[PDB]
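Coordinates from run.pdb are shown below (PDB, C-alpha atoms).
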```pdb
ATOM      1  CA  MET P   1      -3.453  37.433  -3.507  1.00  0.00           C
ATOM      2  CA  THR P   2      -3.455  35.765  -0.014  1.00  0.00           C
ATOM      3  CA  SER P   3      -5.255  32.520  -1.073  1.00  0.00           C
ATOM      4  CA  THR P   4      -2.824  32.057  -3.991  1.00  0.00           C
ATOM      5  CA  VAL P   5       0.456  32.708  -2.006  1.00  0.00           C
ATOM      6  CA  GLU P   6      -0.447  30.375   0.966  1.00  0.00           C
ATOM      7  CA  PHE P   7      -1.400  27.771  -1.695  1.00  0.00           C
ATOM      8  CA  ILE P   8       2.204  28.063  -3.144  1.00  0.00           C
ATOM      9  CA  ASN P   9       4.091  27.854   0.226  1.00  0.00           C
ATOM     10  CA  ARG P  10       2.081  24.874   1.596  1.00  0.00           C
ATOM     11  CA  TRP P  11       2.361  22.728  -1.637  1.00  0.00           C
ATOM     12  CA  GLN P  12       6.106  23.554  -1.508  1.00  0.00           C
ATOM     13  CA  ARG P  13       6.100  22.089   2.060  1.00  0.00           C
ATOM     14  CA  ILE P  14       4.120  18.943   0.982  1.00  0.00           C
ATOM     15  CA  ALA P  15       6.645  17.968  -1.791  1.00  0.00           C
ATOM     16  CA  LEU P  16       9.809  18.798   0.266  1.00  0.00           C
ATOM     17  CA  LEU P  17       8.428  16.887   3.306  1.00  0.00           C
ATOM     18  CA  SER P  18       7.320  13.751   1.343  1.00  0.00           C
ATOM     19  CA  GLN P  19      10.760  13.557  -0.369  1.00  0.00           C
ATOM     20  CA  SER P  20      12.771  13.956   2.884  1.00  0.00           C
ATOM     21  CA  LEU P  21      10.600  11.668   5.115  1.00  0.00           C
ATOM     22  CA  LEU P  22      10.866   9.096   2.270  1.00  0.00           C
ATOM     23  CA  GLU P  23      14.693   9.358   2.731  1.00  0.00           C
ATOM     24  CA  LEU P  24      13.962   8.730   6.460  1.00  0.00           C
ATOM     25  CA  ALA P  25      11.524   5.804   5.743  1.00  0.00           C
ATOM     26  CA  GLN P  26      14.097   3.926   3.572  1.00  0.00           C
ATOM     27  CA  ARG P  27      16.807   4.799   6.190  1.00  0.00           C
ATOM     28  CA  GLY P  28      14.514   3.264   8.875  1.00  0.00           C
ATOM     29  CA  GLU P  29      14.468   6.606  10.750  1.00  0.00           C
ATOM     30  CA  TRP P  30      10.982   6.111  12.316  1.00  0.00           C
ATOM     31  CA  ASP P  31      11.454   8.899  14.942  1.00  0.00           C
ATOM     32  CA  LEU P  32      12.297  11.427  12.198  1.00  0.00           C
ATOM     33  CA  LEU P  33       9.591   9.987   9.813  1.00  0.00           C
ATOM     34  CA  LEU P  34       6.860  10.542  12.473  1.00  0.00           C
ATOM     35  CA  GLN P  35       8.150  14.076  13.290  1.00  0.00           C
ATOM     36  CA  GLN P  36       7.593  14.908   9.574  1.00  0.00           C
ATOM     37  CA  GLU P  37       4.264  12.908   9.476  1.00  0.00           C
ATOM     38  CA  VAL P  38       2.225  15.441  11.520  1.00  0.00           C
ATOM     39  CA  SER P  39       3.400  18.495   9.482  1.00  0.00           C
ATOM     40  CA  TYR P  40       3.121  16.632   6.123  1.00  0.00           C
ATOM     41  CA  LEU P  41      -0.410  15.177   6.438  1.00  0.00           C
ATOM     42  CA  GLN P  42      -1.608  18.448   8.118  1.00  0.00           C
ATOM     43  CA  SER P  43      -0.235  20.478   5.124  1.00  0.00           C
ATOM     44  CA  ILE P  44      -2.254  18.261   2.688  1.00  0.00           C
ATOM     45  CA  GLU P  45      -5.337  18.555   4.969  1.00  0.00           C
ATOM     46  CA  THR P  46      -5.110  22.373   5.316  1.00  0.00           C
ATOM     47  CA  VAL P  47      -4.756  22.962   1.488  1.00  0.00           C
ATOM     48  CA  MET P  48      -7.813  20.689   0.774  1.00  0.00           C
ATOM     49  CA  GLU P  49      -9.940  22.157   3.648  1.00  0.00           C
ATOM     50  CA  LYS P  50      -8.929  25.642   2.356  1.00  0.00           C
ATOM     51  CA  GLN P  51      -9.617  24.222  -1.188  1.00  0.00           C
ATOM     52  CA  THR P  52      -7.573  25.151  -4.337  1.00  0.00           C
ATOM     53  CA  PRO P  53      -8.520  28.843  -5.260  1.00  0.00           C
ATOM     54  CA  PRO P  54      -9.663  29.536  -8.947  1.00  0.00           C
ATOM     55  CA  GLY P  55      -6.979  32.294  -9.117  1.00  0.00           C
ATOM     56  CA  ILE P  56      -3.957  30.097 -10.024  1.00  0.00           C
ATOM     57  CA  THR P  57      -1.905  31.303 -13.076  1.00  0.00           C
ATOM     58  CA  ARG P  58      -0.032  28.964 -15.545  1.00  0.00           C
ATOM     59  CA  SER P  59       3.339  29.469 -13.733  1.00  0.00           C
ATOM     60  CA  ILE P  60       1.913  28.722 -10.241  1.00  0.00           C
ATOM     61  CA  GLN P  61      -0.124  25.764 -11.637  1.00  0.00           C
ATOM     62  CA  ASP P  62       3.079  24.321 -13.233  1.00  0.00           C
ATOM     63  CA  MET P  63       4.968  24.670  -9.862  1.00  0.00           C
ATOM     64  CA  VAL P  64       2.299  22.899  -7.767  1.00  0.00           C
ATOM     65  CA  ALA P  65       1.698  20.302 -10.550  1.00  0.00           C
ATOM     66  CA  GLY P  66       5.363  19.371  -9.984  1.00  0.00           C
ATOM     67  CA  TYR P  67       4.822  19.460  -6.171  1.00  0.00           C
ATOM     68  CA  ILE P  68       1.755  17.116  -6.278  1.00  0.00           C
ATOM     69  CA  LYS P  69       3.575  14.789  -8.770  1.00  0.00           C
ATOM     70  CA  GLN P  70       6.584  14.552  -6.348  1.00  0.00           C
ATOM     71  CA  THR P  71       4.380  13.946  -3.298  1.00  0.00           C
ATOM     72  CA  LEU P  72       2.336  11.229  -5.184  1.00  0.00           C
ATOM     73  CA  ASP P  73       5.526   9.307  -6.115  1.00  0.00           C
ATOM     74  CA  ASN P  74       7.075   9.589  -2.620  1.00  0.00           C
ATOM     75  CA  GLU P  75       3.780   8.771  -0.795  1.00  0.00           C
ATOM     76  CA  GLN P  76       3.201   5.720  -3.083  1.00  0.00           C
ATOM     77  CA  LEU P  77       6.735   4.565  -2.102  1.00  0.00           C
ATOM     78  CA  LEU P  78       5.649   5.192   1.564  1.00  0.00           C
ATOM     79  CA  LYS P  79       2.512   3.094   0.917  1.00  0.00           C
ATOM     80  CA  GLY P  80       4.478  -0.030  -0.222  1.00  0.00           C
ATOM     81  CA  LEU P  81       7.403   0.401   2.268  1.00  0.00           C
ATOM     82  CA  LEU P  82       5.217   0.978   5.369  1.00  0.00           C
ATOM     83  CA  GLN P  83       2.876  -1.941   4.260  1.00  0.00           C
ATOM     84  CA  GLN P  84       5.958  -4.215   4.627  1.00  0.00           C
ATOM     85  CA  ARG P  85       6.795  -2.636   8.045  1.00  0.00           C
ATOM     86  CA  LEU P  86       3.214  -2.785   9.485  1.00  0.00           C
ATOM     87  CA  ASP P  87       2.815  -6.419   8.310  1.00  0.00           C
ATOM     88  CA  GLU P  88       6.019  -7.467  10.156  1.00  0.00           C
ATOM     89  CA  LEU P  89       5.083  -5.453  13.323  1.00  0.00           C
ATOM     90  CA  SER P  90       1.489  -6.890  13.279  1.00  0.00           C
ATOM     91  CA  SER P  91       2.868 -10.467  13.036  1.00  0.00           C
ATOM     92  CA  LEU P  92       5.123  -9.657  16.063  1.00  0.00           C
ATOM     93  CA  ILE P  93       2.085  -8.239  18.009  1.00  0.00           C
ATOM     94  CA  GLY P  94       0.166 -11.450  17.112  1.00  0.00           C
ATOM     95  CA  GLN P  95       2.769 -13.373  19.218  1.00  0.00           C
ATOM     96  CA  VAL P  96       3.898 -10.975  22.019  1.00  0.00           C
ATOM     97  CA  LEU P  97       0.440  -9.464  22.843  1.00  0.00           C
ATOM     98  CA  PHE P  98      -1.530 -12.051  24.860  1.00  0.00           C
ATOM     99  CA  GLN P  99      -5.168 -11.089  24.062  1.00  0.00           C
ATOM    100  CA  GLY P 100      -6.319 -14.209  25.977  1.00  0.00           C
ATOM    101  CA  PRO P 101      -4.915 -17.486  24.404  1.00  0.00           C
ATOM    102  CA  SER P 102      -1.194 -18.545  24.789  1.00  0.00           C
ATOM    103  CA  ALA P 103      -1.664 -17.453  28.478  1.00  0.00           C
ATOM    104  CA  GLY P 104      -2.876 -19.127  31.722  1.00  0.00           C
ATOM    105  CA  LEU P 105      -4.698 -15.927  32.796  1.00  0.00           C
ATOM    106  CA  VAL P 106      -6.220 -13.147  30.595  1.00  0.00           C
ATOM    107  CA  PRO P 107      -3.756 -10.101  30.659  1.00  0.00           C
ATOM    108  CA  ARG P 108      -6.604  -7.512  30.853  1.00  0.00           C
ATOM    109  CA  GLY P 109      -4.241  -4.757  32.157  1.00  0.00           C
ATOM    110  CA  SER P 110      -3.718  -3.212  28.681  1.00  0.00           C
ATOM    111  CA  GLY P 111      -0.923  -0.594  28.917  1.00  0.00           C
ATOM    112  CA  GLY P 112       0.264  -2.105  32.226  1.00  0.00           C
ATOM    113  CA  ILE P 113       0.718  -5.905  31.842  1.00  0.00           C
ATOM    114  CA  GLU P 114       2.919  -7.487  34.593  1.00  0.00           C
ATOM    115  CA  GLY P 115       6.273  -8.511  32.976  1.00  0.00           C
ATOM    116  CA  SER P 428       8.608  -7.418  30.111  1.00  0.00           C
ATOM    117  CA  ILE P 429       5.733  -8.507  27.772  1.00  0.00           C
ATOM    118  CA  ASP P 430       4.152  -5.027  28.382  1.00  0.00           C
ATOM    119  CA  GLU P 431       7.371  -3.334  27.157  1.00  0.00           C
ATOM    120  CA  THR P 432       7.788  -5.344  23.888  1.00  0.00           C
ATOM    121  CA  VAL P 433       4.003  -5.007  23.157  1.00  0.00           C
ATOM    122  CA  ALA P 434       4.105  -1.231  23.881  1.00  0.00           C
ATOM    123  CA  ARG P 435       6.971  -0.786  21.361  1.00  0.00           C
ATOM    124  CA  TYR P 436       5.437  -2.802  18.459  1.00  0.00           C
ATOM    125  CA  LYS P 437       1.905  -1.411  19.129  1.00  0.00           C
ATOM    126  CA  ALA P 438       3.157   2.225  19.212  1.00  0.00           C
ATOM    127  CA  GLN P 439       5.283   1.887  16.017  1.00  0.00           C
ATOM    128  CA  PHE P 440       2.364   0.028  14.330  1.00  0.00           C
ATOM    129  CA  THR P 441      -0.408   2.573  15.270  1.00  0.00           C
ATOM    130  CA  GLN P 442       1.806   5.598  14.308  1.00  0.00           C
ATOM    131  CA  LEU P 443       2.775   4.257  10.812  1.00  0.00           C
ATOM    132  CA  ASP P 444      -0.850   2.861  10.503  1.00  0.00           C
ATOM    133  CA  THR P 445      -2.694   6.193  11.073  1.00  0.00           C
ATOM    134  CA  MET P 446      -0.003   7.658   8.756  1.00  0.00           C
ATOM    135  CA  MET P 447      -0.914   4.988   6.130  1.00  0.00           C
ATOM    136  CA  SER P 448      -4.727   5.363   6.265  1.00  0.00           C
ATOM    137  CA  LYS P 449      -4.380   9.162   5.921  1.00  0.00           C
ATOM    138  CA  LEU P 450      -1.550   8.996   3.260  1.00  0.00           C
ATOM    139  CA  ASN P 451      -3.669   6.563   1.169  1.00  0.00           C
ATOM    140  CA  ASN P 452      -6.732   8.900   1.498  1.00  0.00           C
ATOM    141  CA  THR P 453      -4.516  11.904   0.615  1.00  0.00           C
ATOM    142  CA  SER P 454      -2.762  10.319  -2.461  1.00  0.00           C
ATOM    143  CA  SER P 455      -6.307   9.344  -3.623  1.00  0.00           C
ATOM    144  CA  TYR P 456      -7.775  12.938  -3.699  1.00  0.00           C
ATOM    145  CA  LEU P 457      -4.287  14.362  -4.568  1.00  0.00           C
ATOM    146  CA  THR P 458      -3.979  12.352  -7.845  1.00  0.00           C
ATOM    147  CA  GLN P 459      -7.634  13.191  -8.747  1.00  0.00           C
ATOM    148  CA  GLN P 460      -6.918  16.927  -8.138  1.00  0.00           C
ATOM    149  CA  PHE P 461      -3.565  16.449 -10.005  1.00  0.00           C
ATOM    150  CA  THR P 462      -5.198  15.064 -13.194  1.00  0.00           C
ATOM    151  CA  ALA P 463      -7.854  17.862 -13.135  1.00  0.00           C
ATOM    152  CA  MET P 464      -5.494  20.801 -12.200  1.00  0.00           C
ATOM    153  CA  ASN P 465      -2.954  19.625 -14.843  1.00  0.00           C
ATOM    154  CA  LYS P 466      -5.406  18.634 -17.681  1.00  0.00           C
ATOM    155  CA  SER P 467      -8.980  19.912 -17.048  1.00  0.00           C
TER     156      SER P 467
END
```
Render the structure in this file as structure tokens.
Amino acid sequence: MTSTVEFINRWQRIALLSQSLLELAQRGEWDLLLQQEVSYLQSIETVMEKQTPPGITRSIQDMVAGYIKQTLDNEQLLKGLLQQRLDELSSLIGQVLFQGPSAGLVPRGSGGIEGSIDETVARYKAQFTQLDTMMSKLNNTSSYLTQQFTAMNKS
């Protein structure tokens, strides 16, 4: 049973990853969080593009029910935590990034503005976009994950 075994291993990844990158999110380890991001979201994507096989026994269903439950909790805690972070970063970008006003000239050289402004913008914009694409995908995932959870657990 190939479909069934790869199902097991990847849901195992999803729950272990969400838990550990949550430890990293509350620690403020953004570097480590984003290293886990790609593997985590991609694991959720590849199980749902593969689609849950009908050949899942009661033992395997109970395992992955636990795995989805873990990843829902952790990813909901990511949702709230990263909403705080992105809001702060966005408010910083709203000051440091001169999109026209607050400036004598229009700094049109995006990704190469003359001055240390380019550096502080590049930092906040990178951290924002990374945790933001993480958020949009993790909110989409936790959506179809909890729907699949309620069905897979109690059809």
Legend entry - Residue with smallest distance to residue 449 of chain P - pool P:42, P:60, P:26, P:20, counting all atoms listed in the file: P:42
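Note that atom CA of residue 464 of chain P and atom CA of residue 44 of chain P are 15.4 Å apart.
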Inset, instruction - Using all atoms listed in the file, determine which residues lie at most 8 Å from residue 14 of chain P, disregarding the query and same-chain residues fewer than 2 positions distant; provide the list as a PyMOL selection string. - result: chain P and resi 10-12+16-18+40+43-44+67-68+71
Inset, instruction - Do a neighbour search on residue 447 of chain P at 10 Å with all atoms listed in the file, toss out local chain neighbours closer than 5 positions, and write the hits as an MDAnalysis selection string. - result: chainID P and resid 75 78:80 82:83 86 441:442 452:453
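Ranking P:93, P:48, P:33, P:38 by their shortest atom-to-atom distance to residue 19 of chain P, with only C-alpha atoms included, puts P:33 first.
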Inset, instruction - Considering all atoms listed in the file, state which residue in the set P:435, P:466, P:69, P:85 is at the smallest distance from residue 454 of chain P. - result: P:69
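Taking atom CA of residue 446 of chain P and atom CA of residue 465 of chain P as endpoints, the distance between them is 26.6 Å.
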Inset, instruction - Please provide as a PyMOL selection string all residues within 10 Å of segment 54-56 of chain P, with the sequence filter that same-chain residues fewer than 3 positions apart are discarded (counting only C-alpha atoms). - result: chain P and resi 1+3-5+7-8+51+59-62+64+464
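Near residue 88 of chain P, within a cut-off of 12 Å and counting only C-alpha atoms, sit the residues residues 81, 82, 83, 93, 94, 95, 436, 437, 439 and 440 of chain P, with same-chain residues fewer than 5 positions away left out.
Take the candidates P:444, P:431, P:73, P:114 and check each one against residue 37 of chain P using only C-alpha atoms; the shortest distance goes to P:444.
Checking P:96, P:27, P:102, P:72 one by one against residue 428 of chain P, counting all atoms listed in the file, you find the shortest gap at P:96.
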Legend entry - Selected residue of minimal separation from residue 445 of chain P among P:9, P:34, P:25, P:50, counting only C-alpha atoms: P:34
